[PDB]
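> Quick one: structure below, then a few questions.
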Amino acid sequence: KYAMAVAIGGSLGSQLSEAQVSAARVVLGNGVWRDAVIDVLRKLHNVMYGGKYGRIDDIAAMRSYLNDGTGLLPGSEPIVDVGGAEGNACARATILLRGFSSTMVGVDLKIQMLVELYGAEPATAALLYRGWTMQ
Amino acid sequence: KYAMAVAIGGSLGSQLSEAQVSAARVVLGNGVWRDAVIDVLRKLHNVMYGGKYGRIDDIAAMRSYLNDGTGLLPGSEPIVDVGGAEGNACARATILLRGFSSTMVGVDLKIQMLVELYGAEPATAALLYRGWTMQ
Amino acid sequence: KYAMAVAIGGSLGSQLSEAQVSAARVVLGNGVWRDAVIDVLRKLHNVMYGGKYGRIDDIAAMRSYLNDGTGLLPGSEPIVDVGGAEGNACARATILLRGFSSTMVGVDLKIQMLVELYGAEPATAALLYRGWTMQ
């Protein structure tokens, strides 16, 4: 949904509070995310953090960067730091879905977010870019 | 829904970003909006912009102002300017649904917004104004 | 829902506008709230306002404080003041559900809010606290 995406991606920012780090596992499932979630998260991380912390290449390298450690540029500090591993990984995954309400992420990636992260249909999410039908 | 209205009307403001201009076509349909949408949009535009840019009189003159051009006071500049026509009209339509979370728009118009713009029932949207049942 | 809770609890704050005071009766029902709503509201009021205005002890004393009057410390001014009784009581009830998006309220109470105030399942609201499944 559009409102769900907007609220989830506007509420959290720059400091994941004691109860915001799990917004990913709330929006997405809790088991293994399949491949479209991971590819969208990889594209979001690229667009939003490759200018400083280097990008990642493969969908399997996003998983290895997401859960356990890193894969960013050598010497660069973590994107986000909240606490232990089980919460730091979930925060590193959450910090990306705020890319919906960000001017850096294009409209096509916002549609891809609505399609893969949240439950929305491509034909009904297509009207995210402009167009007027004399309404 | 109340949360959908609040999030959609609080997220966007004063500068419709590259991917906010189509919030109207997202909330409303994409075809022709019928008459209740247009009347609510006309009332919102009156309340929110007639003090400066003049009001509009008829539901058919809201359509003619909405899609193609104007109809505001002679010499007054556009309410919002984002880009080409197909996106400028959708932005001029979007800039009104932020009237939910605005102190200028009364509570009766907020109920009318919930009833006509979003999908909500009048009997269940009636409890927008005060009243206490010893809960 | 998570997005509904976040939007409702982030939109309103510190000044309940002409059309925010009834967010409680919008989220909750309009009749008598049963006992879980009242206990969650009592815990929220304790955590958020007992440091200054004193806490309340019983679920039945939350009702007596909620609808008609008070029960706070002797000499302490009201938590929130909007207008007449029918709206002041609803504002005093609304000012608590903003505790979701507050660093003072713990994560267990956020889960309890999602479970009792809004419609969410305990097993599906349990993933509000950290944990990573190698997604």
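In the structure tokens, the first chain shown is A, the next is B, and so on; residue numbers restart at 1 for each chain, and ligands run from 1 in the order shown.
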Applying 12 Å and only C-alpha atoms, which residues near residue 112 of chain A remain after dropping the ones on its own chain fewer than 5 positions away? List them as a ChimeraX atom specification.

/A:5,36-41,43-44,97,99-100,105-107,117-123,125-126,128

> For chain C, list the residues within 6 Å of chain B, counting only C-alpha atoms, and write the list as a count of residues only.

11

> So how far away is atom CA of residue 29 of chain A from atom CA of residue 98 of chain A, in Å?

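Between these atoms lies a distance of 17.2 Å.
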
> What gap, in Å, lies between atom CA of residue 72 of chain B and atom CA of residue 23 of chain B?

22.7 Å

> Out of A:21, A:73, A:13, A:35, which residue has the shortest atom-to-atom distance to residue 94 of chain A when counting only C-alpha atoms?

A:21

> Ranking C:16, C:109, C:26, C:80 by minimum distance to residue 66 of chain C and counting only C-alpha atoms, which one comes first?

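For residue 66 of chain C, the nearest of the candidates is C:80.
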